[PDB]
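Heads up, the chain below is alone and in the form deposited in one PDB entry; it's given as structure tokens.
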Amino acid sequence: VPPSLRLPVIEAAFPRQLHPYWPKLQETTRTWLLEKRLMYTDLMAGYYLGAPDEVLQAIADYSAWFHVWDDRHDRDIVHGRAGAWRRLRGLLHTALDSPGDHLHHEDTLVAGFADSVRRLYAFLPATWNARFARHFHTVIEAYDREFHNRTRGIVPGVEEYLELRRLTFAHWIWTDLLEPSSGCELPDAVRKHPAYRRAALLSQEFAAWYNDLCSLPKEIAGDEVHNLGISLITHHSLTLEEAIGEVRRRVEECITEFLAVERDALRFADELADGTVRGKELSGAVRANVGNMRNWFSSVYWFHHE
């Protein structure tokens, strides 16, 4: 790992995990992408540990779709296809709420989205489905804001980018998907516990900001506008080396902040195991989810260097 990207705490204290379904996952996702005419799963295989095979497969197919969507988004941006993007944006909002209606849409990107969403909706009650949808409507609109910014060459401010990135990276989607992976929709009072919330946040901030750190030199050279380091360079008059340093410090702080709040979240899980069956189940679900929040760190880190 190139020294500027090396994180000794990850290497020393976040040992990699791999879901045993990983060999079939890749090829099955490939088949799905081919069946859907849409054309990395190791990232998901090192993250949602303990997920039922069917849940991991649905998540990996969604991730692959997400990557294809990101490519289409990039292409509409650099070609200035405002109409095609607007129409796609509208169709994804509609398919998100009514995926069955869009399973055979003429736009294969929309039909693939609708199938992956339909499948993710088959694991937990409708209240989880509704929360997933609320979050992903927000992700689509954040992608529209990124379209605006990049087509106009606007570099968001630092705080502006941090808030936008929690949405374009889909922080709350990956957090939602913790729950079908451990087989339990968590009550609001559990998943909004400040330790759970903060652990979930820091896991995603680390993934997003580490991606920015690894991509900054490439993206500054390409004259791009959406990267934490680019916001720092543009609006704080940092050199590239200073910006690399600052992003790296923010990433390292995510890790040690996570260690503290993980300890709090696991103590909360202990408190949920109150001697009842439901309490034991909630406790096990929180423990599994927090462990996968931990797994996200190592999965993203080593994904970048493979």
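Take the two forms, superpose them, and find the largest set of C-alpha atoms that agree within 1.5 Å; that set is the rigid core. In case it trips you up, residue 1 is the first one in the sequence shown, and so on.
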Chain break class at residue 39/residue 40 - deposited residues not modelled: 10 or more
Name the higher of the two by mean Cα B-factor in the PDB entry, 132 to 140 versus 220 to 228. 220 to 228
Which of the two stretches, 47 to 55 or 236 to 244, shows the higher mean Cα temperature factor in the record? 236 to 244
Please pick out which of 251, 64, 34, 259 has the largest Cα B-factor as recorded in the entry. 34
When the CA B-factors of 205, 159, 97, 176 are compared as recorded in the entry, which is the largest? 159
Mind checking which third residue 60 falls in for C-alpha B-factor across the chain? lowest
Chain third (lowest, middle, highest) by recorded CA B-factor, residue given as residue 20: middle
Residue 10 by Cα B-factor - lowest, middle or highest third of the modelled chain: lowest
Could you look up the Cα B-factor of residue 108 in the entry and say which third of the chain it sits in: lowest, middle or highest? middle
Mind checking which third residue 150 falls in for C-alpha B-factor across the chain? highest
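Unshown form deposited in another entry; subsequent notes refer to it.
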Rigid-core fit between this form and the one not shown, the member of 187, 222, 125, 83 whose C-alpha shifts 2 angstroms or more: 222
